[PDB]
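A.B. asks: need a structure here:
(chains A and B)
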There are 2 protein chains.
Amino acid sequence: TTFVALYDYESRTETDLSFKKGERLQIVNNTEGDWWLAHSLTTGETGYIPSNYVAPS
Amino acid sequence: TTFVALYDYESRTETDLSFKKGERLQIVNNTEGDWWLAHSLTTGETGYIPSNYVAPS
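C.D. replies: Numbers count the residues shown, from 1 in each chain, chains lettered A, B, ... in the order given. Below is the structure:
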């Protein structure tokens, strides 16, 4: 599948991808899975996680 | 839903969340959507994108 950007996006880290509205993008499948923003109930810390590392309780 | 970490994970950026196997995590829903690793056919650049910014071709 090929996706099209609906908006401009500016990178904030060295790992994200900047792109302009209209750009054509392909998804890279890998062992991490989609990333999710998550909050640890164990430590109180918050940030993005690789979803293939977790499972529903 | 509450998720449980299956493995230890060490953060590589200032935005990801480090966690230990066993930690209980909740997902933060937001306007970005899941993040995906993507390759631009337009620029040749590669990195993570907020998926709510794109749509299938």
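A.B. asks: and the helix or strand hosting residue A:3, what other elements does it pack with?
C.D. replies: Secondary structure assignment for residue A:3, by DSSP states H and E: strand A:2-5. Applying 3 or more C-beta pairs under 8 Å, 6 or more residues apart in numbering or on different chains; DSSP states H and E, one finds that strand A:2-5 contacts strand A:24-27, strand B:54-56. In short, each C-beta sits where N, CA and C put it, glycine included.
A.B. asks: Find the residue closest to the residue of chain A most remote from its centre in space, skipping its chain neighbours.
C.D. replies: When distances are taken from the C-alpha mean of chain A, residue A:42 lies farthest, 22.6 Å away, according to C-alpha atoms, centre = their mean. Distances taken as C-beta to C-beta, 6 or more residues apart in numbering or on different chains place residue B:23 nearest to residue A:42, at 4.2 Å, with adjacent residues excluded.
A.B. asks: mind listing what that neighbour touches?
C.D. replies: Residues near residue B:23 by C-beta atoms under 8 Å, 6 or more residues apart in numbering or on different chains: A:40, A:41, A:42, A:43, B:4, B:5.
A.B. asks: quick one: which of the residues you listed is most hemmed in?
C.D. replies: Counting neighbours by other C-beta atoms under 10 Å in any protein chain shown, residue B:5 leads the contacts of residue B:23 with 21 neighbours.
A.B. asks: is that residue in a bridge, and if so with what?
C.D. replies: Beta bridges link residue B:5 to residue A:54, judged by DSSP bridges.
A.B. asks: do the same with residue A:36
C.D. replies: Applying DSSP bridges, one finds that residue A:36 bridges with residue A:49.
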